[PDB]
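Undergrad: Below you'll find the structure I mean.
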Amino acid sequence: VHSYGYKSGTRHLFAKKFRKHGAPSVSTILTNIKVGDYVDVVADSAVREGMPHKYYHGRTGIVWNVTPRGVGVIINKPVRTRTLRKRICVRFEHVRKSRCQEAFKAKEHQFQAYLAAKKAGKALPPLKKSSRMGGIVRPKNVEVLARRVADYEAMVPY
Amino acid sequence: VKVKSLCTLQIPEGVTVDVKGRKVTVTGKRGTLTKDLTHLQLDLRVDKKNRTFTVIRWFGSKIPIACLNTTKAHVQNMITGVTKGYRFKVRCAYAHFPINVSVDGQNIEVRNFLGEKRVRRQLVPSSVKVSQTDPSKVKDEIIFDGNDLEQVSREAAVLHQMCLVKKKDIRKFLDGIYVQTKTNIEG
Amino acid sequence: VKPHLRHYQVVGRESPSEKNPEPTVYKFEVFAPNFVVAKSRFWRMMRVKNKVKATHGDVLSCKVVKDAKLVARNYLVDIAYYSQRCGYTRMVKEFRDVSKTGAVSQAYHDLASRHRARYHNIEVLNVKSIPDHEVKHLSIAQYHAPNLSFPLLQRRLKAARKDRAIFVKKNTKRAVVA
RNA sequence: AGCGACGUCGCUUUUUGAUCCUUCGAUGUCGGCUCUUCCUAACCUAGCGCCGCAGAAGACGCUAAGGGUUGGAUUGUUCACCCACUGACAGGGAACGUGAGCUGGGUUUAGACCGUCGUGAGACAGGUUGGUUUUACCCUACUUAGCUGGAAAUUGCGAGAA
RNA sequence: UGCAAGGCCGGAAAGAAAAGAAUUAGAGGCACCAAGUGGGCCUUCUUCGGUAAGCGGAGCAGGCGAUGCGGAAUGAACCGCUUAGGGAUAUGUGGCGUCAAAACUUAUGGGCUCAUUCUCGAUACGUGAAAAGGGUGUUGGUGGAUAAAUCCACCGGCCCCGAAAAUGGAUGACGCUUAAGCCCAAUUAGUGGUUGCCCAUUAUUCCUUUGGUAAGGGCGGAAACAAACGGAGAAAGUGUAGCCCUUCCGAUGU
RNA sequence: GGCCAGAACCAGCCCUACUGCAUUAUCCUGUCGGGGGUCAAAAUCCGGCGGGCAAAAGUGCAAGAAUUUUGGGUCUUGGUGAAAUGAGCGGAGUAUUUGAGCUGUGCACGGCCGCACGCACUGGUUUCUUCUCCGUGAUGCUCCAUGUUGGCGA
């Protein structure tokens, strides 16, 4: 980076992948964003206006303001001794709802559905056990490890 | 690293090969000889009634083994010396200036070599005998008799080197004193 | 003294998984001073030859294999080793010795002496005691000649550690300073 | 023999660079003279190998630095050139050895002249003539010159005879 | 009575199961006032300009600066280590022929090596010295071939030639060659497994000091008690000759 | 005697000696075929078939109470009982941990039976093995004060 411009470092970060070129698909226009929701900021390059800065590409935060064509996101940018909490304004083409929170909110459902399942039983599925615990092994086939005379002429090709 | 290497002789009769330390005294029909082999490491054995001399190197590598077969060579030469003898016939080759040699009993001089007058002169030890073949028979020969070949072959060379031609081209100026033949005294 | 390398049989496999249940349980022989050094050089051949790695693998047992009663034998040890000059030379040599370990550990000392290779670049391909008539090398072929006898020449006789005696009186055994 | 292109591998620190580590409350900054010593990549001297070495003269190489290595014209010169001798007139280092050792021709001041440049004062790594070279009695070194203890190297009485 | 928002009121809450399914010398957070510094330099790895540099310029880190101490003979920075005043035992890096503590030169361990005037070799970092190319020196190996064993090609190890500088001089010195050298390996040696030995301002532990983000206890005088022919203290406390006691951690510094 | 020496005992600390459980088979030992060599054999070596314990291994783990009438050291700690908390000191008695054989259901193993090398549950044997039990608050808040043997000290 010689010139320290606005979008000074990027012929790759902002390039579209090979044979993925195109303008943004419908499915990302028909997503809707509620305030408080987590989001990935990934800048699409086929929409000029509204891009996030080079730093924010690839981060996640909590949407806060929602405007007709815009959004806004709260992202943690570490600075000298501290993390400022930055508010950026993006055109939502660059925004995708994050799956980050997901496996947790699925752990919470599979607890409650578990709990209402014990309430009056029906019992419950069995608890899987460790693979690291003991056992006798009954080998179906057994072979020998050795270094072969032939193994060396394979490592000098040609 | 072989454990044992052998080298053996066959000793003729009239010969007694003696060993105590590493030292060899062989006594033939004429004179005796000796060699001090203490600088080697070998097991020296003389078997009488099998009439043989054997050399053994235990646990040697290629370097000590080489010594093992040069002792047989020195002991063979102490034998053939003390019975048959060694006689080297030495000549004088000259293109122009005749080499004038004269022998007092142990003393040798060489005069008019290449027309020089520096009177090259040698003294031959008492254990080697010097003489000139008398001139109308063959030319310039000088004869070195002796028991010990190690010693006799020295003077034949010592007298050869006095007559080296110093500066002028050697493959052209061939004047020297050379060895014709190397033969035993009697046998 | 005794050899410095134990002789281990290491048996191990990949941990079973839905992709590969019942892995194939390889067996392996190493000469190594410890069983962690034997267990390490096992998972070396496992990822090198079999692509299985120690974090994905299991070890079934590390036990040593004991050596037969002592007799003089002729062992055939075939060893490779890595250099970067020559790039994996391979060797076959014989050794007089009383046990597999005593021969193989003697082969590590010769590679380290003559060829300067140090135990980690070396891998032993095989070892066996061979009958007598197959000894090719005249240097070891000489020890099975019957009636073999040699004296002890150029010895160095160290007295008992208690008797060392710095200054010993000449032509006598009496110790002036011990 | 003696050479050896196209390539290629090194050494040396007697060239010039590159860098700027030491010295700006100061390491006297060119050359000659004098004097000693060291290095060897050997010019002569000693011994030797080899040659397209017949001899004479010489080429190339080996051990070897004990010894030797000049008189001048011109130049401030180092460098360079020519004259002459010689067995030879080898290449160098030592703070580019050597200024409280000298010398002061050069550079590097103040005076002055010319050329070119500048409107001008003035500049020029261009030319020219003239321009102060200070101190040792201290310590060590070195060269000579005296006095004088001392073996448990002053003591222990601690004792060893070429 | 769908979706946005601020609430309110109920619901449940392994307070986060099982599956390898976390750990912590984890008190979080806020504020005021102010010093010095704003010439740095070195190193593993990445790295640009340069033929290169003990050169110039950066990245992630660690150091010296500011810091010794033990070790590499010596060295800012390498190696080990992190410093209150002492003792013991044990060790790290590095070592055990003398200098010089430890093998009074250990083993009842295997090989290899001879090097004639800068004198073979022998502490990483440290080109703080060597290359291409050579060697019927010696010691191994691979491939092929002819048959009493031998021959051809190639590849290693150590050693030798290649290898020339100016004061006398440097494995640190002496010296070493059945190494006191190089590779590998061991611990009183197929005799029983299982820690040879020496040295740190380190580790462990004991005593003494001092400071805590210090922790805890006692402090309503229990009673008795003259000399003559068991004594003395006991303070409601930041700091003292510390109110007394027991305990725990730290302790170097421009 | 507040000085200098030794020697005993006590707590703590350090050190040293003293050993068991598993494991072995690419092994042990017969024998028969080879095969090999030698004057002739045997051995090294391959295979088959029996039997098995090299009884010891430089195998993996180790807990084995060092006054429990006898290991050393402490001039590296403090003491001479001025609260000795002790398996150790005192008092009076003969306890249940292991190892051996086995119970029943269970597990575990082999392709319901057979196995079970002796795992888990009740918990049988006493042949070996070993000590077991219960005793002192401070009415002491703190510090200091109590040996033995000689040398020197009148």
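Protein chains in written order, with my numbering: chain A, 1 to 158; chain B, 1001 to 1187; chain C, 2001 to 2178. Note that beta-carbon positions come from the ideal geometry of N, C-alpha and C, so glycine has one too.
(1) Rounded to the nearest angstrom, how far is the Cβ of B:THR1080 from that of B:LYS1029, given a contact under 8 Å?
(2) Would you call the CB atoms of B:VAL1101 and B:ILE1108 closer than 8 Å?
(3) Could one say the Cβ of residue 1272 of chain B lies closer than 8 Å to chain C's Cβ atoms, at least one of them?
(4) If I follow the unbroken alpha helix (DSSP H) through B:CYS1067, where does it start and stop?
(5) Roughly how many whole angstroms lie between the Cα atoms of A:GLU143 and C:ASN2050?
(6) What do you get for C:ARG2006, buried or exposed, if any count of 16 or more other CB atoms within 10 angstroms of its CB means buried?
(7) Find the nearest neighbour of C:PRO2016 within the set C:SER2113, C:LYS2069, C:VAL2025, C:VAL2064, judged by alpha-carbon distance.
(8) What are the partner residues of C:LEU2076, as DSSP defines its beta bridges?
(9) Going straight from the alpha carbon of B:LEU1009 to that of B:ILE1056, what length do you get?
(10) If you draw a straight line from the alpha carbon of B:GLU1013 to that of B:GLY1146, how long is it in whole angstroms?
(11) Out of curiosity, what's the CA-to-CA distance linking C:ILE2079 and C:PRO2021?
(12) Going by Cα to Cα distance, which pick from B:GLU1186, B:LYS1182, B:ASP1175 is closest to B:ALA1093?
(13) I'd like the list of long-range same chain contacts for B:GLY1060, defined as Cβ closer than 8 Å, with 5 residues on each side in sequence excluded.
(14) So, with DSSP's three-state summary, where would you put B:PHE1144?
(15) How about A:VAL39 and A:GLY61: do their beta carbons lie closer than 8 Å?
(16) What do you reckon, are the CB atoms on B:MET1078 and B:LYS1023 nearer than 8 Å?
(17) Would you mind listing the beta strand (DSSP E) stretches within the stretch 2118 to 2162 of chain C that are 3+ residues and don't spill past its ends, in chain order?
(18) Kindly indicate which three-state DSSP category A:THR81 falls into: helix, strand or coil?
(19) If we call anything under 8 Å between Cβ atoms a contact, is A:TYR114 one with A:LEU124?
(20) For C:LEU2070 versus C:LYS2128, is the C-beta spacing smaller than 8 Å?
(21) Return no unless some Cβ of chain A is closer than 8 Å to the Cβ of C:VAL2025.
(22) So, is the C-beta of C:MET2045 closer than 8 Å to a C-beta in chain A?
(23) In this structure, does DSSP put B:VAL1119 in helix, strand or coil?
(24) Going along chain C, which residues have a C-beta under 8 Å from A:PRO126?
(25) Give, in chain order, every residue of the stretch 1001 to 1015 of chain B whose Cβ lies closer than 8 Å to some Cβ of chain C.
(26) Closest to B:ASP1140 by C-alpha separation, out of B:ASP1148, B:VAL1110, B:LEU1149, would be which residue?
(27) Please compile the residues from chain A whose C-beta is within a distance smaller than 7 Å of the C-beta of C:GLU2123.
(28) Tell me whether the beta-carbon of C:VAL2010 lies closer than 8 Å to the beta-carbon of C:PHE2028.
TA: In short:
(1) The Cβ separation is near 12 Å, so there is no contact.
(2) yes
(3) The displayed coordinates of chain B run from 1001 to 1187. Any statement about residue 1272 of chain B would go beyond what the structure contains.
(4) 1062 to 1082
(5) Roughly 11 Å between the two C-alpha positions.
(6) buried
(7) C:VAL2025
(8) C:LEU2076 is bridged to C:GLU2094, C:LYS2128.
(9) Roughly 12 Å separates the two Cα atoms.
(10) For B:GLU1013 and B:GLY1146, the distance between alpha carbons rounds to 21 Å.
(11) A direct Cα-Cα distance of roughly 35 Å separates C:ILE2079 from C:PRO2021.
(12) Nearest Cα to B:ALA1093 within the set B:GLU1186, B:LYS1182, B:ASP1175: B:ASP1175.
(13) Answer for B:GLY1060: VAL1001, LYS1002, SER1005, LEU1068, listed in chain order.
(14) strand
(15) yes
(16) no
(17) 2122 to 2130
(18) coil
(19) yes
(20) no
(21) yes
(22) yes
(23) Looking at B:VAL1119 - three-state DSSP - the assignment turns out to be coil, as it is neither helix nor strand.
(24) Near A:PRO126 there are no residues of chain C at all, since even the closest Cβ is about 18 Å away, more than 8 Å.
(25) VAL1001, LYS1002, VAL1003, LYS1004
(26) Closest option to B:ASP1140, Cα to Cα, is B:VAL1110.
(27) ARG147
(28) yes
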